[PDB]
Amino acid sequence: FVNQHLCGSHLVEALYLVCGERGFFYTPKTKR
Amino acid sequence: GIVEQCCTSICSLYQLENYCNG
């Protein structure tokens, strides 16, 4: 698949587009 | 977790869906 890297707010923005209408977890670890 | 997986290696939309609610 695609050779892209994302860090900080750029990784949050990609997760917001893929998941922000369902909800998501951006914390380094959680109870999942 | 989530913050290292695309910063230290590569990710796609199918890998971002791992961090979705569920």
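As deposited, the entry is annotated with solution NMR as its determination method.

**Focus on the packing of aromatic side chains**
Evaluated as defined, the whole model comprises 2 aromatic pairs over all chains. With a centroid separation of 6.3 Å and an interplanar angle of 65°, the aromatic rings of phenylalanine 24 of chain A and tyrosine 26 of chain A are classed as edge-to-face.

**Topic: the interface of chain A and chain B**
Many descriptions give the size of an interface as the accessible area lost when the pieces come together. Each partner contributes residues to the interface: chain A has 20 residues there, and chain B has 18 residues. In total, about 1,700 Å² of surface goes out of reach between chain A and chain B, with carbon and sulfur atoms giving 65% of it. Taken as a group, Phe1, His5 and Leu11 of chain A account for 28% of the area that chain A buries against chain B, more than any other trio of residues on that side. Summed over the shared surface of chain A and chain B, the number is 1 salt bridge. Salt-bridge contacts for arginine 22 of chain A lead to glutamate 17 of chain B; the nearest nitrogen and oxygen are separated by 2.8 Å. Inspection of the chain A/chain B interface yields 11 residue pairs in polar contact.

**Observations regarding the side chain of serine 12 of chain B**
The residue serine 12 of chain B is located in the loop between α1 (2-5) and α2 (13-16) in this model. By relative accessible area, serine 12 of chain B is classed as buried at 6%.

**Thoughts on the state of the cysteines**
Here the structure, examined in full by the defined rule, presents 3 disulfides over all chains. Covalent S-S linkage joins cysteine 7 of chain A and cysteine 7 of chain B, the inter-sulfur distance amounting to 2.0 Å. Across the S-S bond of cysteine 7 of chain A and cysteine 7 of chain B the torsion is about -80°, and the bridge reads as left-handed. Of the two residues, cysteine 7 of chain A sits in the segment before α1 (9-19) while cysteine 7 of chain B sits in the loop between α1 and α2, which places them in two different chains. What makes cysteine 7 of chain B partly exposed here is its relative accessible area of 31%. Paired through a disulfide, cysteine 19 of chain A and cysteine 20 of chain B show a sulfur-sulfur distance of 2.0 Å. Classification of the bridge connecting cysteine 19 of chain A and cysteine 20 of chain B rests on its S-S torsion, roughly -100°, and on that basis the disulfide is left-handed. Of this pair, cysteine 19 of chain A sits in helix α1 while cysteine 20 of chain B sits in the segment after α2, each in a different chain.

Criteria and thresholds
- Residues numbered from 1 in each chain as written, not as in the entry; some residues may be left out.
- Chains lettered and ligands numbered in written order.
- Heavy atoms only, no water.
- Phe/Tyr/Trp six-rings, centres within 6.5 Å; stacked < 30°, edge-to-face > 60°.
- Contact = heavy atoms within 4.5 Å.
- Buried area = accessible area lost by both parts, 1.4 Å probe.
- Salt bridge = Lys/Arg side-chain N within 4 Å of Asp/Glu carboxyl O.
- Polar contact = N/O pair within 3.5 Å; in protein donor to acceptor, adjacent residues only side chain to side chain.
- Helix = DSSP H or I, 4+ residues; strand = E, 2+ residues; numbered from the N terminus.
- Buried < 20%, exposed > 50% of the residue type's maximum accessible area, 1.4 Å probe, protein only.
- Disulfide = S-S within 2.5 Å.

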